[PDB]
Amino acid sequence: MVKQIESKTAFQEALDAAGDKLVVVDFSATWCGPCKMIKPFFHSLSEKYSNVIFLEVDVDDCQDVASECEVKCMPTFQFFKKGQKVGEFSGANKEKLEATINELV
């Protein structure tokens, strides 16, 4: 349901392969409690919204992607359409996360 991105090549190829589908990216880290908090809910969205692609990026695994995508906070959710960033927020905010998906899809 949630596909783990483990290189910048994989990241770029996921955005390409998404076509016109919304892509939602959870940028997370293991020292991040709230990131761990919200992981089950992020999984739930990926089971509820099968019309949307859900990716996880661990900032330590993927420092290049984190840096290139201008991530500064943990967790950060970023939203893409056709390879372009259309939204982003920080924090383990479940309502904000689903309310953003619903604005964008």
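Counting begins at 1, following the sequence as shown.
Exercise. Would 61 to 69 or 48 to 56 have the larger average of its C-alpha temperature factors, as given in the entry?
Worked result: Taking the mean C-alpha B-factor of 61 to 69 and of 48 to 56, the larger value falls to 48 to 56.
Exercise. Would 72 to 80 or 25 to 33 have the larger average of its C-alpha temperature factors, as given in the entry?
Worked result: So the stretch with the higher mean C-alpha B-factor is 25 to 33.
Exercise. Lowest, middle or highest third of the chain for the C-alpha temperature factor of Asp16?
Worked result: Middle third, going by the recorded CA B-factors of the chain.
Exercise. For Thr100, does the deposited CA B-factor place it in the lowest, middle or highest third of the chain?
Worked result: It falls in the middle third of the chain.
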